[PDB]
>>> print(open('target.tsv').read())   # TSV, N, CA and C atoms
chain	number	residue	atom	x	y	z
P	1	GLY	N	149.36	124.37	108.81
P	1	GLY	CA	148.99	123.22	109.68
P	1	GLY	C	147.67	122.59	109.28
P	2	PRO	N	146.54	123.18	109.72
P	2	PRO	CA	145.21	122.65	109.40
P	2	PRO	C	144.84	122.87	107.93
P	3	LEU	N	144.18	121.88	107.34
P	3	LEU	CA	143.77	121.97	105.95
P	3	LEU	C	142.30	122.36	105.83
P	4	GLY	N	141.44	121.64	106.56
P	4	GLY	CA	140.02	121.93	106.52
P	4	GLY	C	139.54	122.63	107.78
P	5	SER	N	139.06	121.85	108.74
P	5	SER	CA	138.57	122.40	110.00
P	5	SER	C	139.72	122.62	110.98
P	6	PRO	N	139.60	123.62	111.87
P	6	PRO	CA	140.63	123.93	112.86
P	6	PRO	C	141.00	122.71	113.70
P	7	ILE	N	140.04	122.20	114.47
P	7	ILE	CA	140.27	121.04	115.31
P	7	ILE	C	140.43	119.78	114.48
P	8	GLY	N	140.92	118.72	115.11
P	8	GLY	CA	141.12	117.46	114.41
P	8	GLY	C	142.26	117.52	113.42
P	9	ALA	N	142.10	118.33	112.38
P	9	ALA	CA	143.12	118.48	111.35
P	9	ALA	C	144.43	118.99	111.95
P	10	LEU	N	144.31	119.89	112.92
P	10	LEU	CA	145.48	120.46	113.58
P	10	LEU	C	146.22	119.40	114.39
P	11	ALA	N	145.47	118.58	115.11
P	11	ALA	CA	146.05	117.53	115.92
P	11	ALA	C	145.35	116.19	115.69
P	12	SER	N	146.13	115.17	115.36
P	12	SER	CA	145.58	113.84	115.11
P	12	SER	C	144.98	113.25	116.39
P	13	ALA	N	145.59	113.57	117.52
P	13	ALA	CA	145.12	113.07	118.81
P	13	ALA	C	143.70	113.55	119.10
P	14	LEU	N	143.36	114.73	118.59
P	14	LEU	CA	142.03	115.30	118.80
P	14	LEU	C	140.95	114.38	118.24
P	15	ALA	N	141.23	113.77	117.10
P	15	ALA	CA	140.29	112.87	116.46
P	15	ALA	C	140.22	111.53	117.19
P	16	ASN	N	141.33	111.16	117.84
P	16	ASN	CA	141.39	109.91	118.57
P	16	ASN	C	140.54	109.97	119.83
P	17	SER	N	139.22	110.05	119.65
P	17	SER	CA	138.29	110.12	120.76
P	17	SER	C	138.18	108.76	121.46
P	18	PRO	N	137.69	108.74	122.71
P	18	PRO	CA	137.53	107.50	123.48
P	18	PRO	C	136.95	106.36	122.64
P	19	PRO	N	137.24	105.11	123.01
P	19	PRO	CA	136.75	103.94	122.27
P	19	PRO	C	135.22	103.86	122.26
P	20	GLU	N	134.60	104.23	123.38
P	20	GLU	CA	133.15	104.21	123.49
P	20	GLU	C	132.53	105.29	122.61
P	21	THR	N	133.15	106.46	122.61
P	21	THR	CA	132.67	107.58	121.81
P	21	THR	C	132.74	107.23	120.34
P	22	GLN	N	133.88	106.70	119.93
P	22	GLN	CA	134.05	106.29	118.55
P	22	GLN	C	133.17	105.09	118.29
P	23	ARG	N	133.20	104.15	119.24
P	23	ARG	CA	132.44	102.92	119.14
P	23	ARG	C	131.26	103.08	118.20
P	24	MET	N	130.15	103.56	118.71
P	24	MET	CA	128.98	103.76	117.89
P	24	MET	C	129.26	104.73	116.74
P	25	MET	N	130.09	105.74	116.99
P	25	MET	CA	130.39	106.74	115.96
P	25	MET	C	130.97	106.11	114.69
P	26	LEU	N	132.02	105.29	114.82
P	26	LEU	CA	132.58	104.63	113.64
P	26	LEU	C	131.60	103.59	113.13
P	27	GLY	N	131.09	102.75	114.04
P	27	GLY	CA	130.12	101.77	113.67
P	27	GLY	C	128.94	102.44	113.02
P	28	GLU	N	128.68	103.68	113.36
P	28	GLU	CA	127.58	104.39	112.73
P	28	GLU	C	127.79	104.38	111.22
P	29	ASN	N	129.02	104.68	110.80
P	29	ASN	CA	129.35	104.70	109.38
P	29	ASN	C	129.93	103.37	108.90
P	30	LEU	N	130.94	102.88	109.61
P	30	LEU	CA	131.57	101.62	109.23
P	30	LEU	C	130.73	100.40	109.63
P	31	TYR	N	130.03	100.45	110.78
P	31	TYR	CA	129.20	99.31	111.18
P	31	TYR	C	128.25	98.98	110.05
P	32	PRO	N	127.55	99.96	109.46
P	32	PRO	CA	126.68	99.65	108.34
P	32	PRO	C	127.48	98.93	107.27
P	33	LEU	N	128.77	99.26	107.17
P	33	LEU	CA	129.63	98.60	106.22
P	33	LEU	C	130.02	97.23	106.76
P	34	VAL	N	130.42	97.22	108.03
P	34	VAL	CA	130.80	96.00	108.70
P	34	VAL	C	129.57	95.21	109.08
P	35	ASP	N	128.63	95.90	109.71
P	35	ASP	CA	127.35	95.28	110.10
P	35	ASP	C	126.97	94.15	109.14
P	36	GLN	N	127.51	92.96	109.39
P	36	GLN	CA	127.25	91.81	108.53
P	36	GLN	C	125.76	91.48	108.45
P	37	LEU	N	125.13	91.35	109.60
P	37	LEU	CA	123.70	91.02	109.65
P	37	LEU	C	122.89	92.19	110.20
P	38	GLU	N	121.67	91.91	110.64
P	38	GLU	CA	120.80	92.93	111.20
P	38	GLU	C	121.30	93.36	112.58
P	39	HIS	N	121.17	94.65	112.87
P	39	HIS	CA	121.61	95.22	114.14
P	39	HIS	C	121.34	94.28	115.33
P	40	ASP	N	120.31	93.44	115.22
P	40	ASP	CA	119.97	92.51	116.29
P	40	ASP	C	121.23	91.92	116.93
P	41	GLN	N	121.89	91.03	116.21
P	41	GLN	CA	123.12	90.42	116.69
P	41	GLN	C	124.32	91.04	115.98
P	42	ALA	N	124.07	91.61	114.80
P	42	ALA	CA	125.11	92.24	114.01
P	42	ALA	C	125.68	93.46	114.72
P	43	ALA	N	124.80	94.26	115.30
P	43	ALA	CA	125.21	95.46	116.02
P	43	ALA	C	126.07	95.10	117.22
P	44	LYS	N	125.79	93.95	117.81
P	44	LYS	CA	126.53	93.52	118.98
P	44	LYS	C	127.96	93.12	118.64
P	45	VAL	N	128.14	92.28	117.63
P	45	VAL	CA	129.49	91.85	117.28
P	45	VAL	C	130.34	92.93	116.60
P	46	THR	N	129.80	93.56	115.55
P	46	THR	CA	130.55	94.57	114.81
P	46	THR	C	130.78	95.88	115.55
P	47	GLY	N	129.70	96.47	116.02
P	47	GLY	CA	129.80	97.75	116.71
P	47	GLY	C	130.29	97.69	118.15
P	48	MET	N	130.03	96.59	118.87
P	48	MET	CA	130.45	96.48	120.27
P	48	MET	C	131.97	96.46	120.40
P	49	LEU	N	132.61	95.64	119.58
P	49	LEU	CA	134.06	95.53	119.60
P	49	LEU	C	134.71	96.88	119.32
P	50	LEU	N	133.93	97.80	118.79
P	50	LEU	CA	134.43	99.12	118.47
P	50	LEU	C	135.07	99.80	119.68
P	51	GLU	N	134.72	99.36	120.88
P	51	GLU	CA	135.29	99.93	122.10
P	51	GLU	C	135.92	98.84	122.98
P	52	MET	N	135.54	97.59	122.75
P	52	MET	CA	136.08	96.48	123.53
P	52	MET	C	137.59	96.40	123.36
P	53	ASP	N	138.03	96.02	122.17
P	53	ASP	CA	139.46	95.92	121.89
P	53	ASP	C	139.86	96.83	120.73
P	54	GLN	N	140.96	97.55	120.91
P	54	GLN	CA	141.45	98.47	119.88
P	54	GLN	C	141.74	97.72	118.58
P	55	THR	N	142.29	96.53	118.70
P	55	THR	CA	142.60	95.71	117.54
P	55	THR	C	141.31	95.21	116.90
P	56	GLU	N	140.33	94.88	117.74
P	56	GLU	CA	139.04	94.39	117.26
P	56	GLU	C	138.24	95.52	116.61
P	57	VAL	N	138.21	96.69	117.23
P	57	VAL	CA	137.47	97.82	116.67
P	57	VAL	C	137.99	98.12	115.27
P	58	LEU	N	139.30	98.17	115.15
P	58	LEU	CA	139.94	98.44	113.87
P	58	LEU	C	139.65	97.31	112.88
P	59	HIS	N	139.81	96.08	113.35
P	59	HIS	CA	139.59	94.90	112.53
P	59	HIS	C	138.12	94.64	112.20
P	60	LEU	N	137.26	94.69	113.21
P	60	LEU	CA	135.84	94.39	113.01
P	60	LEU	C	135.11	95.41	112.14
P	61	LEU	N	135.34	96.70	112.37
P	61	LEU	CA	134.67	97.74	111.58
P	61	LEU	C	135.51	98.14	110.37
P	62	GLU	N	136.20	97.17	109.78
P	62	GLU	CA	137.04	97.43	108.61
P	62	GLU	C	137.24	96.17	107.77
P	63	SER	N	137.51	95.04	108.43
P	63	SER	CA	137.73	93.78	107.72
P	63	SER	C	136.59	92.79	107.96
P	64	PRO	N	136.33	91.91	106.98
P	64	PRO	CA	135.28	90.89	107.09
P	64	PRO	C	135.71	89.72	107.97
P	65	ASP	N	136.94	89.25	107.75
P	65	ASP	CA	137.48	88.14	108.53
P	65	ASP	C	137.41	88.46	110.02
P	66	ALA	N	137.45	89.75	110.33
P	66	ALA	CA	137.39	90.21	111.70
P	66	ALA	C	136.05	89.83	112.34
P	67	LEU	N	135.00	89.86	111.53
P	67	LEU	CA	133.66	89.53	111.99
P	67	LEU	C	133.55	88.09	112.49
P	68	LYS	N	134.11	87.16	111.73
P	68	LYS	CA	134.06	85.74	112.09
P	68	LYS	C	134.60	85.50	113.50
P	69	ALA	N	135.61	86.27	113.87
P	69	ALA	CA	136.25	86.13	115.17
P	69	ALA	C	135.33	86.50	116.34
P	70	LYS	N	134.76	87.69	116.27
P	70	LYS	CA	133.89	88.19	117.33
P	70	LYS	C	132.50	87.60	117.24
P	71	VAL	N	132.01	87.43	116.02
P	71	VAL	CA	130.67	86.89	115.82
P	71	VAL	C	130.51	85.53	116.48
P	72	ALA	N	131.47	84.64	116.26
P	72	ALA	CA	131.41	83.31	116.85
P	72	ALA	C	131.34	83.37	118.37
P	73	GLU	N	132.19	84.20	118.96
P	73	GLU	CA	132.23	84.36	120.41
P	73	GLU	C	131.02	85.14	120.93
P	74	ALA	N	130.75	86.29	120.32
P	74	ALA	CA	129.64	87.14	120.73
P	74	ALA	C	128.29	86.46	120.49
P	75	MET	N	128.07	85.98	119.27
P	75	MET	CA	126.81	85.33	118.93
P	75	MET	C	126.55	84.12	119.83
P	76	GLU	N	127.61	83.59	120.44
P	76	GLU	CA	127.48	82.44	121.32
P	76	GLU	C	126.78	82.82	122.63
P	77	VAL	N	127.12	83.99	123.16
P	77	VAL	CA	126.53	84.46	124.41
P	77	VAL	C	125.09	84.95	124.22
P	78	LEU	N	124.82	85.58	123.08
P	78	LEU	CA	123.48	86.10	122.81
P	78	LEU	C	122.56	85.02	122.23
P	79	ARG	N	122.84	84.59	121.00
P	79	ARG	CA	122.05	83.59	120.34
P	79	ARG	C	122.03	82.28	121.14
P	80	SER	N	123.13	82.00	121.83
P	80	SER	CA	123.22	80.78	122.63
P	80	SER	C	123.25	81.10	124.12
P	81	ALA	N	123.09	80.08	124.95
P	81	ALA	CA	123.09	80.25	126.40
P	81	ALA	C	124.37	80.94	126.87
P	82	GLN	N	124.31	81.52	128.07
P	82	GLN	CA	125.46	82.21	128.64
P	82	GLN	C	126.23	81.28	129.58
P	83	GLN	N	127.45	80.93	129.19
P	83	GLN	CA	128.29	80.05	129.99
P	83	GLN	C	127.55	78.76	130.35
P	84	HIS	N	128.23	77.88	131.08
P	84	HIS	CA	127.64	76.61	131.49
P	84	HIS	C	127.36	76.60	132.99
P	85	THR	N	126.49	75.69	133.42
P	85	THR	CA	126.14	75.58	134.83
P	85	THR	C	127.33	75.06	135.64
>>> encode(input="target.tsv", output="structure tokens")
Amino acid sequence: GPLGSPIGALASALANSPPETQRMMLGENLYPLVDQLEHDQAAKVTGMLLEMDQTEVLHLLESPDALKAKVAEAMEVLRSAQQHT
């Protein structure tokens, strides 16, 4: 069954930790990869989606085109005003 370590390797579900737990965890390794810009706004778009949407976490911390999607929306709320009056 297990190849390396007992846990995780034995069960795939074991590795499938909560989105928030993985969030920073994957972004920790992949965010630096995905992390397009400086953690300032970069950490928000790339690493935040890591728990927001399953499709986004997978897409954002793996694909570049994924960044354009969240960055435009996310960077709008941070870099730009929040909603309209």
>>> select_by_dssp(input="target.tsv", residues="chain P", states="helix (DSSP H, G or I)", output="number ranges by chain")
P: 12-15, 19-34, 39-52, 54-60, 65-78
>>> closest_residue(input="target.tsv", among="P:83, P:6, P:46, P:52", to="residue 66 in chain P", atoms="only N, CA and C atoms")
P:46
>>> residues_near_point(input="target.tsv", point="(134.3, 98.8, 119.4)", cutoff="5 Å", atoms="only N, CA and C atoms", output="PyMOL selection string")
chain P and resi 23+47-52+57
>>> atom_distance(input="target.tsv", atom1="atom C of residue 15 in chain P", atom2="atom N of residue 31 in chain P")
16.4 Å
>>> closest_residue(input="target.tsv", among="P:71, P:81, P:3, P:13", to="residue 37 in chain P", atoms="only C-alpha atoms")
P:71
>>> closest_residue(input="target.tsv", among="P:8, P:60, P:68, P:79", to="residue 34 in chain P", atoms="all atoms listed in the file")
P:60
>>> atom_distance(input="target.tsv", atom1="atom N of residue 9 in chain P", atom2="atom N of residue 64 in chain P")
27.6 Å
>>> build_atoms(input="target.tsv", residues="range 51-73 of chain P", atoms="N, CA, C and O atoms", output="compact mmCIF listing (two decimals), keeping the file's coordinate frame")
# COMPACT_ATOMS: atom_id res chain seq x y z
N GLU P 51 134.72 99.36 120.88
CA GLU P 51 135.29 99.93 122.10
C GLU P 51 135.92 98.84 122.98
O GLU P 51 136.74 99.14 123.84
N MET P 52 135.54 97.59 122.75
CA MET P 52 136.08 96.48 123.53
C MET P 52 137.59 96.40 123.36
O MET P 52 138.34 96.68 124.30
N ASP P 53 138.03 96.02 122.17
CA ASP P 53 139.46 95.92 121.89
C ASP P 53 139.86 96.83 120.73
O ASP P 53 139.18 96.88 119.71
N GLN P 54 140.96 97.55 120.91
CA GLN P 54 141.45 98.47 119.88
C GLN P 54 141.74 97.72 118.58
O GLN P 54 141.45 98.22 117.49
N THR P 55 142.29 96.53 118.70
CA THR P 55 142.60 95.71 117.54
C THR P 55 141.31 95.21 116.90
O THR P 55 141.21 95.11 115.68
N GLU P 56 140.33 94.88 117.74
CA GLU P 56 139.04 94.39 117.26
C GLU P 56 138.24 95.52 116.61
O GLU P 56 137.66 95.32 115.55
N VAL P 57 138.21 96.69 117.23
CA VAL P 57 137.47 97.82 116.67
C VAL P 57 137.99 98.12 115.27
O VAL P 57 137.21 98.30 114.33
N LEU P 58 139.30 98.17 115.15
CA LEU P 58 139.94 98.44 113.87
C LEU P 58 139.65 97.31 112.88
O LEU P 58 139.31 97.56 111.73
N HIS P 59 139.81 96.08 113.35
CA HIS P 59 139.59 94.90 112.53
C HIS P 59 138.12 94.64 112.20
O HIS P 59 137.78 94.35 111.05
N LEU P 60 137.26 94.69 113.21
CA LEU P 60 135.84 94.39 113.01
C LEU P 60 135.11 95.41 112.14
O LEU P 60 134.36 95.03 111.26
N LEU P 61 135.34 96.70 112.37
CA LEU P 61 134.67 97.74 111.58
C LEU P 61 135.51 98.14 110.37
O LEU P 61 135.54 99.31 109.99
N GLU P 62 136.20 97.17 109.78
CA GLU P 62 137.04 97.43 108.61
C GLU P 62 137.24 96.17 107.77
O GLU P 62 137.16 96.22 106.54
N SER P 63 137.51 95.04 108.43
CA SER P 63 137.73 93.78 107.72
C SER P 63 136.59 92.79 107.96
O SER P 63 135.96 92.80 109.02
N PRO P 64 136.33 91.91 106.98
CA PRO P 64 135.28 90.89 107.09
C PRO P 64 135.71 89.72 107.97
O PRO P 64 134.96 89.27 108.83
N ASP P 65 136.94 89.25 107.75
CA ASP P 65 137.48 88.14 108.53
C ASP P 65 137.41 88.46 110.02
O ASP P 65 137.32 87.56 110.86
N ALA P 66 137.45 89.75 110.33
CA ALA P 66 137.39 90.21 111.70
C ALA P 66 136.05 89.83 112.34
O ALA P 66 135.98 89.54 113.53
N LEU P 67 135.00 89.86 111.53
CA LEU P 67 133.66 89.53 111.99
C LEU P 67 133.55 88.09 112.49
O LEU P 67 132.97 87.83 113.54
N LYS P 68 134.11 87.16 111.73
CA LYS P 68 134.06 85.74 112.09
C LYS P 68 134.60 85.50 113.50
O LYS P 68 134.12 84.62 114.21
N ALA P 69 135.61 86.27 113.87
CA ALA P 69 136.25 86.13 115.17
C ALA P 69 135.33 86.50 116.34
O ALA P 69 135.18 85.73 117.29
N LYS P 70 134.76 87.69 116.27
CA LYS P 70 133.89 88.19 117.33
C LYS P 70 132.50 87.60 117.24
O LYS P 70 131.86 87.32 118.25
N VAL P 71 132.01 87.43 116.02
CA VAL P 71 130.67 86.89 115.82
C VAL P 71 130.51 85.53 116.48
O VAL P 71 129.52 85.29 117.18
N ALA P 72 131.47 84.64 116.26
CA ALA P 72 131.41 83.31 116.85
C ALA P 72 131.34 83.37 118.37
O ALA P 72 130.53 82.68 118.99
N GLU P 73 132.19 84.20 118.96
CA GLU P 73 132.23 84.36 120.41
C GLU P 73 131.02 85.14 120.93
O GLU P 73 130.35 84.71 121.87
